[PDB]
Amino acid sequence: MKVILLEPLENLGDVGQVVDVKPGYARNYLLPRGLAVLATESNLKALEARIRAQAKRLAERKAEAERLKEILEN
RNA sequence: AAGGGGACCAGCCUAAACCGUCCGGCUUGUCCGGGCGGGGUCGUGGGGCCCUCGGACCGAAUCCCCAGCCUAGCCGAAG
Ligand SMILES: [Mg+2]
Ligand SMILES: [Mg+2]
Ligand SMILES: [Mg+2]
Ligand SMILES: [Mg+2]
Ligand SMILES: [Mg+2]
Ligand SMILES: [Mg+2]
Ligand SMILES: [Mg+2]
Ligand SMILES: [Mg+2]
Ligand SMILES: [Mg+2]
Ligand SMILES: [Mg+2]
Ligand SMILES: [Mg+2]
Ligand SMILES: [Mg+2]
Ligand SMILES: [Mg+2]
Ligand SMILES: [Mg+2]
Ligand SMILES: [Mg+2]
């Protein structure tokens, strides 16, 4: 049962990682405790749409820095 | 059971793709979901989306009117 970790978890994986666990662990532990959500298609693109923003909104923190590394060093 | 002979005869709407809008959520958006509207309905497969071209007949099982019919009756030959 693939689920999306919402927290860095011991020997399981990092936050945002999609790992496989037994169903009982998912519905009776990981899911009612907020530690993860199930890897449905519905909130699978939710994950792709956040890695997207961060990928863009981080490289923008890089593109603007250069727009001054070129100015000031000159 | 197929097949043959007959009775009757009639075919339709939708889900999904893709658009639009509204509302919700807080994993902030090219986000997810819920509505509603548009789209669409097929087996030679069909539909969606993008290119070129071509630009009125059909018609309900729904509604209206009417005939007809039903719920009383009536005329009716000649000792
Ligand atoms: Mg047979
Ligand atoms: Mg027959
Ligand atoms: Mg919608
Ligand atoms: Mg619809
Ligand atoms: Mg429609
Ligand atoms: Mg249609
Ligand atoms: Mg239609
Ligand atoms: Mg329709
Ligand atoms: Mg048809
Ligand atoms: Mg065939
Ligand atoms: Mg096709
Ligand atoms: Mg008919
Ligand atoms: Mg009909
Ligand atoms: Mg009489
Ligand atoms: Mg008499």
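According to the authors' numbering, the stretch in the first sequence is residues 1 to 74, in order.
For every residue, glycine included, the Cβ atom is placed at its ideal position computed from N, Cα and C.
Out of the options, point me to the one whose CA is closest to residue i's CA.
i	options	result
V3	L9, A55, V21	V21
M1	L30, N11, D14	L30
Name the DSSP beta bridge partners of residue i, please?
i	result
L44	For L44, which the question treats as bridged, DSSP gives no partner whatsoever.
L38	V3
Does the stretch 34–53 come into contact with the stretch 5–21, if we say contact requires no fewer than three beta-carbon pairs (one atom in each stretch) closer than 8 Å?
yes
Please list the segments of the beta strand (DSSP E) lying wholly inside the stretch 2–36, counting only runs of 3 or more residues, in order along the chain.
Listed in chain order, they are 2–5, 18–20.
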